[PDB]
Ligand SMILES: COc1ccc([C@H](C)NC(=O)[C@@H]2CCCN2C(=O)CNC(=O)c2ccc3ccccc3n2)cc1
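A lone chain, given as C-alpha cells: the form deposited without this ligand.
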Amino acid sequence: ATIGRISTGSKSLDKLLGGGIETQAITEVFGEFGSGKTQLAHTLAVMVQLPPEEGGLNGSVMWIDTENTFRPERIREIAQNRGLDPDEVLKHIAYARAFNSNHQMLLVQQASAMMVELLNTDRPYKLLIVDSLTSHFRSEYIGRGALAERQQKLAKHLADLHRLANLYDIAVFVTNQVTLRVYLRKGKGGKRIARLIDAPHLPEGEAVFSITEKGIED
C-alpha cells in the first residue's frame, strides 16, 4: 500500500510533515493542555473524511479517549466551517472511552476486527486517534517499583498500534505530554508552534499555526 497523507488543515504544518500525517506510521504529538494537540486530533478526524484532492483519504475514524477530550460539538463545528455535513462527519467517527490502561490496551487489540470489517468498503478506517497515549499509564504506575511494568506495557501497546497502522494502512495519531514526534508550544498572539524532532527521513523544523472555527489552519 502506498503511504497516504492526511492534511492537518495547516499548509505550514503539512509541509513540515512531508505533506500531512502518514498512514503506516504513529505520529506522537506532545504538549501541555491547550497546546493544540487535541484541536489537531479533532481537525484530522474531519480532514481524513475528505477526498485526496482536498487533503483526506475518504476514510472512517476510530477515537480512543482516555481523558474526556472528545467534543462532538467541535467536530460538528469544524465540519460546517469547511462546508461539510456535520451529522455525516460525526457518524464516521467510532468513539470508545478507555477506562484504564488495561482497557486501553484491549481496545487497540480489539480494533483489528473492526478494521477488517470496513477494509474493502467505501469508507475504510484511515485514522485511529488515541488521546492520550499515556495518561492512564502515568496515573496507574507510580514510582520505582512500577516503572518496569509501565514501560513493558507501553512498549507492547505501541507495538499493537504499529501493527494496526501497517496491516490496515491507517494513520495512528496519539497525544502525549513531556513514532514521529511533534512538540507543540505557545507562540505569540495565541498562535501555536510545532517542532518536528528526530524524524529519520524528514528534517527538523517548525511550523506556526492557528486554532480557528475550521479547527487548525495557518
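Position 1 is the first residue in the sequence shown; the rest follow in order.
Omitted from view is the form deposited with this ligand bound, to which the following refers.
Visitor: When this ligand is placed as it is in the deposited bound form, which of 146-154, 165-173, 65-73, 50-58 ends up with heavy atoms within 4.5 Å of it?
Guide: Of the stretches listed, the one contacting the partner is 65-73.
Visitor: Could you confirm whether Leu118 comes within 4.5 Å of this ligand in the deposited bound form, counting heavy atoms only?
Guide: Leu118: no, not in contact with this ligand in the deposited bound form.
Visitor: Indicate whether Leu107 is a 4.5 Å heavy atom neighbour of this ligand in the deposited bound form.
Guide: Within the cut-off, so yes.
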